[PDB]
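J.: Quick one: experimental structure and sequence below.
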Amino acid sequence: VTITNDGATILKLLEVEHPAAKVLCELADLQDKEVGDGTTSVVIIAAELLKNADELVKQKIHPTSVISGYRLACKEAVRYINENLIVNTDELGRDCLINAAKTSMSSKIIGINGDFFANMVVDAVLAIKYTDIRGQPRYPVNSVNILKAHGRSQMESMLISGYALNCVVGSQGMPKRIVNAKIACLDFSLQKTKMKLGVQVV
Amino acid sequence: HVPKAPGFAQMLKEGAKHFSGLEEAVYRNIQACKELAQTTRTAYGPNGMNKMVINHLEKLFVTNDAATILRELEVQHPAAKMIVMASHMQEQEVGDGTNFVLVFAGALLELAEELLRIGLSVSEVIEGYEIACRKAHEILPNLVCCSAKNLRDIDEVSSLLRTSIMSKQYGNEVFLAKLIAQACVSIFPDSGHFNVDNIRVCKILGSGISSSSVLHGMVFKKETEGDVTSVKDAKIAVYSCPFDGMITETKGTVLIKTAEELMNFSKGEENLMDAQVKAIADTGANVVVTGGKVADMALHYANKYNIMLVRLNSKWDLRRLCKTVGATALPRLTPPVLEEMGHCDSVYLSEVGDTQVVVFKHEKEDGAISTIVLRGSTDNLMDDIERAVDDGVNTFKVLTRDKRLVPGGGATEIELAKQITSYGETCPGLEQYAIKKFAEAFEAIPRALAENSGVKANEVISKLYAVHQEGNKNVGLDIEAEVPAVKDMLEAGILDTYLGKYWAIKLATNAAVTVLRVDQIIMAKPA
Amino acid sequence: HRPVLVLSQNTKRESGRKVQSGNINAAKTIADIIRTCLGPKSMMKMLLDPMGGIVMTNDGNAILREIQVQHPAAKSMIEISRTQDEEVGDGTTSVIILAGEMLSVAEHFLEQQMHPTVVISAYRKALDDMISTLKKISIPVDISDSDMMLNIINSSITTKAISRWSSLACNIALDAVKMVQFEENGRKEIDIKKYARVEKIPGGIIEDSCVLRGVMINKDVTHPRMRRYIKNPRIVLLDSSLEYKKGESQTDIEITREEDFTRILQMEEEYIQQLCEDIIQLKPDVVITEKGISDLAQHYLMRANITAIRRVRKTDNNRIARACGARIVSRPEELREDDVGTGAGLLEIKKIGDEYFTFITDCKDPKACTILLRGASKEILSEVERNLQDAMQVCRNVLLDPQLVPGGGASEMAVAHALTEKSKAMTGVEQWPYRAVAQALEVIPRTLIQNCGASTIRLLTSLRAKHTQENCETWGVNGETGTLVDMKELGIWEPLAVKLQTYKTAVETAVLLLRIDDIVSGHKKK
Amino acid sequence: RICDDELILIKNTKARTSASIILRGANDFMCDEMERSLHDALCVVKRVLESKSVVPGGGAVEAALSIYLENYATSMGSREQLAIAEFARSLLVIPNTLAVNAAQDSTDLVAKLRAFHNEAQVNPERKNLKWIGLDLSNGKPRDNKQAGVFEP
Amino acid sequence: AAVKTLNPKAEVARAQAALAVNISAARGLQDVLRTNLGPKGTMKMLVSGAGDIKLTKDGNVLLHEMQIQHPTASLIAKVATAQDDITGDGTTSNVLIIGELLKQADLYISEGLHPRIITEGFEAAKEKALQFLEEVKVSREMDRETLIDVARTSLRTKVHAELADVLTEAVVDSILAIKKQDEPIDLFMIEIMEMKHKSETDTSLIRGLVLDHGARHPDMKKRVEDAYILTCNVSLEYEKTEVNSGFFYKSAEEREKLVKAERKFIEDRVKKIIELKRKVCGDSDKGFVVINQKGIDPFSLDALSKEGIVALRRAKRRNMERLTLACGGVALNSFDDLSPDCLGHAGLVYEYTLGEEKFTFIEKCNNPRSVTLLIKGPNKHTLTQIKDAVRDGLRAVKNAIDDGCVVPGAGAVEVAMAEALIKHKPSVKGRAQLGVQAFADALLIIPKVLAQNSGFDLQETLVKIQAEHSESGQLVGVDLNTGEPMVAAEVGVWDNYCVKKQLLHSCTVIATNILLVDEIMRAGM
Ligand SMILES: Nc1ncnc2c1ncn2[C@@H]1O[C@H](COP(=O)(O)OP(=O)(O)O)[C@@H](O)[C@H]1O
Ligand SMILES: Nc1ncnc2c1ncn2[C@@H]1O[C@H](COP(=O)(O)OP(=O)(O)O)[C@@H](O)[C@H]1O
Ligand SMILES: Nc1ncnc2c1ncn2[C@@H]1O[C@H](COP(=O)(O)OP(=O)(O)O)[C@@H](O)[C@H]1O
Ligand SMILES: Nc1ncnc2c1ncn2[C@@H]1O[C@H](COP(=O)(O)OP(=O)(O)O)[C@@H](O)[C@H]1O
Ligand SMILES: [Mg+2]
Ligand SMILES: [Mg+2]
């Protein structure tokens, strides 16, 4: 059982057969990689774009005029939205990041009246600010390890400043808490020295 | 419309049945064992008939011995298996009298139903049978009239073995008594343990029973692979290893590094095998018997130094050959044999009945082992005589353990029926009815001898009590012709297995008591 | 045969009132199953397993795990009781009844054309006010007192089947947690599952059951010449084998000479004697490993008077390492004096029912113990094992959070009057679903009188009037008799972590199941 | 202790001071929903910090584009003006769906929504009605600038 | 029902429905198993799906080998399993108490009362029944004539009293010569071998050991007197290295040198054995027997046969524990420290063949502390009668030695315990007055079943027994021959203390838990 309301998780698990249905299902998968929250609104607009264009082609209007008519309206919609914005992130400051976070959570299970989940997201992206060449302050959001555990309520969600590894110690004779630790990151199996295929012991 | 009766208190079986009470459990175990008593009643006695029994493997078993009949019948009744396993214990203990258990215990349970339905329950029939069973083992030493002690030779044991032969081979009672006398006495351990395993039967298809004989040695059914089949010196070297060389056990790998090691490897293997075959030719051996395979180079030097090879693929036949010629099976390859050689008189080959055999015939030193070579027209006849031969070998083991004999042919069971009835009349209790029914179970045993002879058993059983007036104790049954006029048993020579009669009364009484203890039967779903 | 031009083949579609009011009836159905398993007058529920076993229990977690449901909202309620079983011990049956009652009052507002987001926003405001009420009526606990901790664990096992042997089961569960409370570095931890093993043996009486001061295993000695009774042994724990095995390579030996094959068979015996000489340098008495011990290693330990155990499990080696203070080494030539289990008490190879058991008890300060359960059969010993797991976890919550809440109905009525007085200043459309959360908490004192057969009208009217005054505030329901007794005199007290986890899980179960207005079923995955 | 499992934590890492979020829920169905909702919330603040530009949400963009494209179709429209006019009606389904799921008035709330956006384009008196959206908890057009309803 | 809504293929039982399921099934096991309690019980023939006969009447073998599929019958079978696991006897009487604790409680629960009120009366009755059991036990200092009457009581109830006179001499004399000086008697030191030689009434007590395997070489001696036991654990057969090596040879003359060299490590183990026979003054008979748990190749069997050493192979695990105590040697795992101190001694070591199956006998030891009961039953099913009765009798005398007191016999305990609950019935002072009455009437089924299996009246016998107990002080009981009340402490009928203590504890807890079950259901599919 999968309880979800995101437009990408529903249409990916749902089986479709029609070739026009696979276009709208793969349209929701592209919204996660390009934007990431815009993935119920694209499916309703793209289906209503076909519903109103079906009423035009039933009036013996050629569909190439509807295709060329949609391109004059799509390029003008991007032109109008880029000249009618309010302000950038200098006037509002931190109030812009919290209010934009609460708008995304309102359609989901974490849409509380408080600012508990809103402040944990802004403090997570602001702590992984990775600079790049030519003045590019990149924010890689895939580096935040999101872990799940059936425990207390949603108000006990910890914001671990650092990293939360999802593994165990193994042997129950090691100290499970080390203060002032020195991490040795390495990738090779610490097992017995096994010879390769080309080497034999004669 | 029509109603039905459901389960009541404990009907929790998933396809199984349940039996409780005297009518559902006790009386049905009696009627099932009564059919096995009437089955082997026809095949009991010297005038008994054979039975062609076909088992699950679609092969034919024709015999008159009740031991091998129950091994082929796939009985599924549980209480009927108690009288089958009791007859199998008679075959393992003394080897004779397995038909006596089915008649006596079949008559004990038949007369037990005439006591439970007339009166007292199983608490007094079991206690009433065990009192008369202990008194039945006290009359049996008092009924011993002769003994197999004086002159233990081939002349006296020929007449003492006629009773076990004539009960299954009536027409061949004289020739089979002589073949069982020249074989059992010749393997005597000079007052020691008599082994029944030292008598083998080699079934040779061919002419009738008049061509059967006993050879002092062993007769196999294999070939030579050579040309040294005529051996008169007979110095036998027994080996258990395969006569093909000596290879290692872990992996085995020849490693060649130069041309001198490759060319000389083939000639070095032949000179190694030549020195081992000639090592036994210098010791004077003539017959080399191996257990495993034999290589081609071993056959090359066996025919060169003129020694005969015998292949024995069976390992139990190899151990019997060591007790025949007096040799020791060597697990290693061919040594210089110091003193563990065999010594026979004549080892040869002959085609008898279109079957080339190997005979280790002992001429002078005849007694080490015996083999009865039987000749029959059919393969089914040779199996029935082999059952009659093995009953004669097991009779010789009974006379070794106990030399006493009782007059058979019905003379013992009437005296047992008279003394137990004397104990029943002098019993001041309610358990005297089961004692008198224990003596009537001995009455049905010469009744089966008269019904198989075509004589009316009411007139037969009336003359037996008329001549047993407290001092005779020896008149049995004369079943040679109608209008019996029955005579003595010591004069005719019908007496066998007092120890066989001792265990047959004890096993059949304990078999009938074990059925009567069963009051509730819980069976499972068969698969 | 032409295919039918369909879309989303072989799947179902359902929306509207049949899903909102359909998930309520699936939540009411599970809450009616375990409704007779909350009070102390409860009864057992015999269950049947697909393996052929029988689970006869009255605990709310063990009942719902044996039920296979097909409804999707019914599968959510089973995972709620699994969450309450892992967080606390005796926090199971109370959440399923409370989440069914909070959804029972939520179905009333869905018929009044109210949006489900209004009820959830009123549930989250009510959840934040139930946490603040329990922290005001709490009481600090002296964890150093022994008689105070016995009254907390007795309140959790009065419902269960070990309430008859309450004087014995309270002393076992208290001594089990206080032995395994280990602290090496600056971090306190209590592991009552990996170190507090509860082993059950069929036979004997339940009154002879006691927590051993040490560990025990079902293992015999490797050789009869070895001692079965050592006073103060020096136990050395091993991890590798005492045999000769093939290396992790492609090793092959070419044997060309005659003396080569006999030398390799002698070097296999000298290699075992080398590692057997390295373990006797510290003068031990008991050698315990996890892999096999060859007979060549048994001979050298026999004449050195060393008792060897062969195939002890890995979880048992971690448990005996805390009791005796030994170090599980995996190299016999790297043994040290710190790796020897000194301080171990009496070691005895007893036999309980034609089977040997290795006892390592009477330790000085063990950090792991084993509860020896002995009863009539394996059926009732699984009940005492499941009840002691609910008795050791409720002692773990007090040692990490020493606060008590007055249970037995006094906890629910103290907050239901606090939500009622706080609802007077709402003045909105969320005021009426805020009142239903206080009425949904009434199902916990409703259950304590329905199980004992008392009246639910004459008692709840008097119990609601007892919480009108701010002075007493701790009057609950006595499940033994059926009257209203104050919980300061009875001694029924529940920990804070049990009551906080009960309210936080029952609200968020109603949060998840109220936002579901559609169900799609019939599709496959990978 | 992470409720009967083992979880290893590293505190502040002394070099970059990264962050990780451990979610807490009732069952496993809520934890899969909380993971998807948190990952979509991380992508919102990523695009705002990268591209420093936000638009008003709640149907405020679709209301302004529904009236500007109708005037755009009348100026340079000869035969493709019917496709631009139906492009504006197709964009109105986003504020229409907000009124259906809220069980509010449908043909009156969106009609009052575009009444403010029409006066913000044909009456240049600095009305500042470009940020008029929907209050789904009340059923009236609100200002998304002060209410804090922002989208990238 | 609620379970029918969630799972449509899940059966259920309600409050008044699940009580009738458990009680009627307990009467089903009671009416079957009551026909075998005591010496007057009847034998039960149990046939499986294969067709083999299992003729026995023990309560543990009856419940396991019964084609029943019921959840209530599986609960009583698990309690009956532990009764035959730790103390032997007490399995048939275990089920009859549970069959009456649920039937006598049904007379009150169906008449308006609650099942929890009856279970509160069972605990108050168990407290008085436990205190009364400690007042009736008799300490007799574990006399060897007392242990005969203890073993005779447990053996009669499983055989027809002709083998009970033979098996009592084989059980009591076996349990005395194991351990002394207050040591727990290990039952693994007694070997139980099944033979077929003479008859069921010929089971003797061998003072040493009887091994089920014989000599594996025809040249070995069959009868050896004054032997030396050399208990080994080494492998005399050919074994290879752990690393895969193999052989490599060049010529055929070097081939035979490798076969001679690969057996050098094998023959070095055999040369340590034949040199030990020469160091024990071998100028006499001086027999040598090597039991040798691991297998021996026929090359080493031929080498040991030429010196005159009997060598067995493939022994059991506990054969290195029982023979080590019997011979007095040391079970060695190597031949590096061979000495005459690790050798054993037996006056007679002989073998016997029973249908191509040899049996090695070791007898005539000084202080063996390990014996073997040689069961020689005629049939295969008769071997299961004696083996299930020997372990029922060995565990009876083992509890009478460990516990310092003996409990009286048939009706001397159950009738006196039920009369003690009547005078203490108004001591509870509450609603649990009828719970002590249901527990006192359930304990009276032991004189009721024994009077029913013997053929006497049920109610007329219990009046005369309770009359002789109320008008005297002697613990009177049931006589299965005349029906008159006879004292069990004087006629030689005893019982174990741990059996009657667990019968008051295992049956009471399993009855209070079954009565508190009201939701029998089957889910999980
Ligand atoms: N507080 C609010 N007031 C009005 N509308 C809102 C509010 N919060 C969110 N919305 C609307 O809800 C919609 C949710 O869209 P969503 O399903 O998240 O798109 P995607 O599937 O692409 O993530 C947004 O278009 C936004 O306009
Ligand atoms: N010559 C004879 N005259 C009369 N009766 C004989 C003669 N030979 C054998 N019998 C009878 O035939 C019976 C054969 O019994 P048998 O089937 O051999 O018993 P079992 O099956 O135990 O070997 C004997 O009881 C014997 O009395
Ligand atoms: N003596 C008592 N008097 C009144 N109430 C009690 C008594 N004993 C237990 N209770 C109540 O019974 C309830 C049992 O809850 P329980 O099912 O054990 O929760 P969980 O399933 O979390 O373990 C407790 O909430 C407690 O208030
Ligand atoms: N010789 C005897 N006389 C009277 N009662 C006996 C005698 N032998 C055994 N009993 C009674 O038979 C009952 C059951 O014995 P048994 O069958 O050995 O144990 P269980 O019934 O537990 O298997 C015992 O309680 C005992 O009192
Ligand atoms: Mg005959
Ligand atoms: Mg509880």
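T.: Yep, that arrived. Numbers count the residues shown, from 1 in each chain, chains lettered A, B, ... in the order given. Ligands and ions are numbered 1, 2, ... in the order given.
J.: what's the burial count for residue 91?
T.: Using chain A here. 9 (other CB atoms under 10 Å in any protein chain shown). For the C-beta atoms, the positions are set from N, CA and C on the backbone; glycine is no exception.
J.: Sorry, I should have been clearer: chain E.
T.: By other CB under 10 Å, 25 other residues sit near residue E:91.
J.: Which residue, neighbours along the chain excluded, lies closest to it?
T.: Closest residue to residue E:91 apart from its sequence neighbours, by CB to CB, 6 or more residues apart in numbering or on different chains: residue E:59 at 3.5 Å.
J.: which residues touch that neighbour?
T.: Contact analysis of residue E:59 by CB atoms under 8 Å, 6 or more residues apart in numbering or on different chains lists E:33, E:36, E:80, E:83, E:84, E:91, E:92, E:93, E:94, E:95.
J.: Name the residue closest to the centre of chain C, please.
T.: Centroid check for chain C by CA atoms, centre = their mean gives residue C:389 as the closest residue, at 4.7 Å.
J.: host element of it?
T.: For residue C:389, the host element (DSSP states H and E) is helix C:378-400.
J.: Buried residues of that helix, list them for me.
T.: Of the residues in helix C:378-400, C:378-399 count as buried by neighbour count, 16 or more other CB atoms under 10 Å in any protein chain shown.
J.: And for stretch C:67-87?
T.: So, applying 16+ other CB under 10 Å, buried residues of stretch C:67-87: C:67-69, C:71-87.
J.: contacting residues for residue C:182?
T.: C:189, C:191, C:195, C:322, C:367.
J.: again, 10 Å this time
T.: Residue C:182 sits next to C:188, C:189, C:190, C:191, C:195, C:322, C:366, C:367, C:368 when contact means CB atoms under 10 Å, 6 or more residues apart in numbering or on different chains.
J.: The residue nearest to the centre of chain C contacts residue C:193, doesn't it?
T.: Yes: using CB atoms under 10 Å, residue C:389 makes contact with residue C:193 at a distance of 8.1 Å.
J.: Leaving out the residues flanking it, which one is nearest to the residue most central in space within chain A?
T.: Nearest to the mean C-alpha position of chain A, by CA atoms, centre = their mean, lies residue A:36 at 4.3 Å. Among residues not flanking residue A:36 along the chain, residue D:43 sits closest, at 2.6 Å (CB to CB, 6+ apart).
J.: That neighbour in helix, strand or coil?
T.: What DSSP: H, G, I helix; E, B strand; the rest coil gives for residue D:43 is helix.
J.: Pretty sure it sits against residue D:152.
T.: Yes: the criterion here is CB under 10 Å, and residue D:43 meets it with residue D:152 at 9.0 Å.
J.: For these two, list the residues in contact with both.
T.: Any residue near both residue D:43 and residue D:152 by CB under 10 Å, 6+ apart counts here, and that gives A:35, A:36, A:37, A:38, A:104.
J.: now the strands: where do they sit in chain A?
T.: Remark: strands assigned in chain A by DSSP state E are A:130-132, A:136-138, A:146-150, A:158-160, A:162-165.
J.: Single out the most deeply packed of those strands.
T.: strand A:146-150 (a mean of 20; mean count of other CB atoms under 10 Å in any protein chain shown).
J.: helices and strands around it, which ones?
T.: On a contact count with 3 or more CB pairs under 10 Å, 6 or more residues apart in numbering or on different chains; DSSP states H and E, strand A:146-150 meets strand A:158-160, strand A:162-165, helix C:72-87, strand D:20-25, helix D:28-50.
J.: and of those, who's closest to residue E:505?
T.: Residue E:505 lies closest to helix C:72-87 among the helices and strands packed on strand A:146-150, at 30.5 Å (CB to CB).
J.: Next SSE downstream of that closest one?
T.: Sequence order places helix C:93-104 as the next helix or strand after helix C:72-87, per DSSP H and E.
J.: close to ligand 3, is that next one?
T.: Yes: counting by CB under 6 Å from any ligand atom, ligand 3 is contacted by helix C:93-104 at C:93, C:94.
J.: got the angle between that helix and helix C:72-87?
T.: Angle, helix C:93-104 to helix C:72-87, by axes from the mean of the first three to the mean of the last three CA atoms, to 10 degrees: 140 degrees.
J.: OK, now which residue of chain D is nearest to ligand 5?
T.: residue D:4 (78.8 Å; CB to the ion).
J.: How about residue D:44, nearest residue that isn't a chain neighbour?
T.: Nearest to residue D:44 is residue A:104, by CB to CB, 6+ apart, at 4.6 Å.
J.: and if you look at residue C:207?
T.: Using CB to CB, 6+ apart, the nearest residue to residue C:207 is residue C:168, at 6.5 Å.
J.: and the gap between that neighbour and ligand 5?
T.: According to CB to the ion, to the nearest Å, residue C:168 and ligand 5 sit 73 Å apart.
J.: shouldn't that residue be in contact with residue C:162?
T.: Yes: shown here, residue C:168 and residue C:162 form a contact pair, counting by CB under 10 Å, at 8.4 Å.
J.: Identify the contacts common to those two.
T.: Counting by CB under 10 Å, 6+ apart, the contacts common to residue C:168 and residue C:162 are residue C:206.
J.: Can you check which helix is longest in chain A?
T.: Criterion DSSP state H: the longest helix present in chain A is helix A:63-81.
J.: Briefly note if it comes near ligand 1.
T.: No: residues of helix A:63-81 contacting ligand 1 under CB under 6 Å from any ligand atom: none, with a closest distance of 13.9 Å.
J.: Residue B:359 looks like it's in a strand, true?
T.: Yes: the assignment for residue B:359 by three-state DSSP puts it in a strand.
J.: what's around residue E:482, how many residues?
T.: 9.
J.: Next, give phi and psi for it.
T.: Note on residue E:482: backbone dihedrals following degrees, to the nearest 10 are phi -110, psi -20.
J.: mind checking the end-to-end distance for stretch C:452-459?
T.: 13 Å (CA to CA, to the nearest Å).
J.: Could you do stretch C:354-367 as well?
T.: This stretch, stretch C:354-367, spans 30 Å end to end (CA to CA).
J.: do the same with stretch B:350-360
T.: Terminal residues of stretch B:350-360 are spaced 11 Å apart (CA to CA).
J.: Same check on stretch D:124-136?
T.: OK, stretch D:124-136 end separation, CA to CA: 29 Å.
J.: same thing with stretch B:18-26?
T.: Its first and final residues considered, stretch B:18-26 spans 13 Å by CA to CA.
J.: in it, what's buried?
T.: The neighbour-count check on stretch B:18-26 (16+ other CB under 10 Å) flags B:18, B:19, B:20, B:25, B:26 as buried.
J.: what's the closest residue to the residue of chain D closest to ligand 5 other than its chain neighbours in contact with, if anything?
T.: Of all residues not flanking residue D:4 in the chain, residue C:86 sits nearest, at 4.0 Å (CB to CB, 6+ apart). For residue C:86, the contacting residues are A:149, A:150, A:151, C:61, C:193, C:393, D:2, D:3, D:4, D:5, by CB under 10 Å, 6+ apart.
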